[PDB]
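These notes concern the structure reproduced below.
For reference, positions follow the sequence shown, starting with 1. All heavy atoms count here, side chains included; hydrogens, waters and symmetry mates do not.
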Amino acid sequence: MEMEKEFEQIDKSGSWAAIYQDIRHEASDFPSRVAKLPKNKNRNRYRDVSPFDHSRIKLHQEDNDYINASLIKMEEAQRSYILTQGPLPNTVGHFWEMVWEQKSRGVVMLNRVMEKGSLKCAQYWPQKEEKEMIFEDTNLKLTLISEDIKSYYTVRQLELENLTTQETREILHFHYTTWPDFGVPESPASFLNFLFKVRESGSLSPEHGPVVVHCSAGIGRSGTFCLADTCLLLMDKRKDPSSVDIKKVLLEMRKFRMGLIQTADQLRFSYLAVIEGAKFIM
Ligand SMILES: CCNC(=O)Nc1cc(C)on1
């Protein structure tokens with residue numbers, strides 16, 4: 001079926017939970033043996049969210065190459081994304097090592113450091129220009145260059161220096177700051193505006209490594225971001241845009257990381273975002 005009328009049909013019939021459970025039943029199951037090794041317990045935020053072995057990002061290190069991060073490679077859309085958990089106190093150096101080694105231009109953050117009164121990720125970037133951060137375990141230096149605070153999101157320019165080689169690179173930090181503590185946004189307008197700002201920066205384009213996107217676990221809000229982006233790109237590429245099937249795209253993405261889209265409300269919000277977005281593109 002088309003999307004917008006499939007949407008109203010699920011609303012009128014109140015069957016979002018059944019649609020979402022079907023997706024959960026059909027989703028791929030691949031091994032995640034490296035994630036579960038005892039030496040990696042303090043590298044995982046949640047025991048039930050792990051990268052598959054076949055798609056995990058490897059650190060370029062011989063001691064321990066493990067990070068909780070997955071490469072999502074969308075062949076028809078010609079887009080790739082790295083989805084990862086919010087960094088932990090003992091993985092902030094690994095996080096920036098990955099950014100460096102994978103040649104990423106942008107980092108997309110969809111959570112606040114504290115939500116619901118608890119810490120959802122480490123404070124992994126510097127908040128003042130004159131107070132830079134040094135990651136001694138991976139030999140990197142990170143400096144805040146500029147910060148632009150808007151009503152729904154903040155954009156930061158950062159400099160990452162590899163202290164071994166003295167090479168430097170400019171990284172863009174796109175921080176969506178207004179996702180509510182509970183539920184999903186009432187309108188997709190600010191989330192779509194944010195997606196378009198990431199696109200306009202070059203951070204999603206083939207001349208760079210894959211964008212790094214995270215929330216707390218790296219599957220819920222993060223899944224919503226890449227699902228909406230890929231569906232809108234396919235609608236521009238194909239002769240028949242109404243052939244784009246959001247459930248099929250989601251199942252393809254779940255071949256590369258488990259659990260993408262965590263609730264039936266997140267599924268409905270993803271439909272809404274693609275529907276509204278497709279009208280603005282034209
Ligand atoms: C339908 C032909 N035009 C476009 O698709 N325009 C755009 C704008 C953005 C953004 O994506 N497509």
Side-chain angles (χ1 to χ4, degrees), residues 43 57-61 64-71 79-114 119-178 193-216 218 221-222 225-226 229:
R43 289 182 185 215
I57 300 294
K58 298 179 187 184
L59 306 172
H60 299 176
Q61 221 259 101
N64 190 343
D65 70 10
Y66 178 74
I67 181 169
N68 192 319
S70 309
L71 180 64
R79 278 270 223 258
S80 296
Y81 319 84
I82 293 167
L83 270 63
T84 192
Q85 70 185 14
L88 290 157
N90 61 297
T91 69
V92 174
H94 306 148
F95 179 90
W96 288 113
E97 176 184 1
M98 178 176 63
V99 169
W100 182 269
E101 288 168 354
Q102 305 307 134
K103 301 180 157 56
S104 308
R105 180 84 189 292
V107 172
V108 172
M109 171 171 184
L110 304 171
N111 66 287
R112 294 168 299 282
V113 164
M114 178 167 284
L119 293 174
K120 298 296 168 194
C121 86
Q123 180 61 54
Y124 66 87
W125 73 94
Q127 295 176 281
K128 296 179 181 302
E129 287 85 342
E130 69 278 11
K131 294 278 204 191
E132 76 274 12
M133 289 177 83
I134 294 173
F135 303 103
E136 296 185 341
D137 60 337
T138 56
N139 216 32
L140 292 160
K141 176 175 105 173
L142 182 66
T143 307
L144 176 68
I145 298 303
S146 72
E147 179 169 71
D148 191 357
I149 303 172
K150 305 276 224 301
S151 46
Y152 290 91
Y153 69 99
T154 296
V155 188
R156 309 180 178 94
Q157 299 182 302
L158 308 171
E159 181 203 66
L160 188 61
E161 183 179 347
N162 178 349
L163 293 173
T164 300
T165 68
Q166 293 193 327
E167 309 169 283
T168 65
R169 278 176 214 162
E170 181 188 326
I171 308 299
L172 301 181
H173 194 243
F174 286 91
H175 189 182
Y176 189 80
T177 55
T178 52
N193 188 61
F194 173 77
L195 167 61
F196 299 156
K197 297 294 186 185
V198 179
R199 278 185 176 197
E200 290 177 4
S201 78
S203 291
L204 292 164
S205 301
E207 63 251 25
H208 301 295
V211 70
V212 173
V213 356
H214 79 88
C215 45
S216 190
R221 298 174 199 175
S222 294
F225 183 89
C226 59
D229 184 50

Heavy-atom pair with the smallest gap, counting every atom of [X] and [Y]:
| X | Y | value |
| --- | --- | --- |
| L140 | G93 | CD1-O, 4.4 Å |
| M109 | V113 | CE-CG2, 4.1 Å |
| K120 | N111 | CB-ND2, 3.9 Å |
| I67 | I57 | CG2-O, 3.4 Å |
| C226 | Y81 | O-OH, 3.5 Å |
| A69 | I82 | CB-CG2, 4.1 Å |

Nearest-0.5 Å distance, [atom1] of residue [X] to [atom2] of residue [Y]:
| X | Y | atom1 | atom2 | value |
| --- | --- | --- | --- | --- |
| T168 | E161 | OG1 | CD | 6.5 Å |
| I149 | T154 | CD1 | OG1 | 5.0 Å |
| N64 | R43 | CG | CZ | 3.5 Å |
| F174 | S203 | CZ | OG | 5.0 Å |
| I134 | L163 | CD1 | CG | 6.5 Å |
| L204 | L195 | CG | CG | 7.0 Å |

Partners meeting side chain to side chain contact (heavy atoms under 4.5 Å, CB included) with [X] (sequence neighbours left out):
| X | value |
| --- | --- |
| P89 | none |
| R112 | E115, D181 |
| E170 | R105, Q157, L172 |
| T143 | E132, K141, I145, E159 |

[X] side chain vs [Y] backbone, donor-acceptor pair below 3.5 Å:
| X | Y | result |
| --- | --- | --- |
| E101 | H60 | yes |
| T177 | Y152 | yes |
| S222 | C215 | yes |

Pairing residues for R199 by the salt bridge (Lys or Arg N to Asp or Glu O under 4.0 Å) criterion, not counting sequence neighbours: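 Residues passing salt bridge (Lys or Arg N to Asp or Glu O under 4.0 Å) with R199: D229.
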My understanding is that only residues two or more places apart in sequence, or in another chain, count here; which of them pass salt bridge (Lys or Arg N to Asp or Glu O under 4.0 Å) with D65?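 Listed in chain order: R56.
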Go through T84 and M98 one step at a time and tell me if the side chain to side chain contact (heavy atoms under 4.5 Å, CB included) criterion holds. CA-CA 10 Å; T84 192; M98 178 176 63; 4.2 Å; yes
Which residues share a ring pair (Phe, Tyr, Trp, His ring centres under 6.0 Å) with [X], sequence neighbours left out:
| X | value |
| --- | --- |
| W125 | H173, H175 |
| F95 | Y124 |
| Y66 | none |
| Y153 | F194 |

Restricting to pairs with a member in residues 146-157, which pass salt bridge (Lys or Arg N to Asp or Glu O under 4.0 Å), not counting sequence neighbours?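 Listed once each, the pairs are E147-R156, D148-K150.
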Between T164 and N139, do the side chains contain a donor N or O and an acceptor N or O under 3.5 Å apart?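 A pair is found: one side chain offers a donor N or O, the other an acceptor, under 3.5 Å apart.
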Side-chain polar contacts of residues 205-213 - donor-acceptor pairs under 3.5 angstrom, sequence neighbours left out - could you list them?
none

Worked verdict on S80 versus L71 for side chain to side chain contact (heavy atoms under 4.5 Å, CB included): CA-CA 7 Å; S80 296; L71 180 64; 4.2 Å; yes
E167/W100 under side chain to side chain contact (heavy atoms under 4.5 Å, CB included): CA gap, chis, key distance, verdict: CA-CA 10 Å; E167 309 169 283; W100 182 269; 3.7 Å; yes
Side chains of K131 and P126: does their closest heavy-atom pair fall under 4.5 Å?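 They are not in contact (no side-chain heavy atoms under 4.5 Å apart), so the answer is no.
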Which is it for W96 and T138 under the side chain to side chain contact (heavy atoms under 4.5 Å, CB included) test, yes or no, and what are the steps along the way? CA-CA 8 Å; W96 288 113; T138 56; 5.7 Å; no
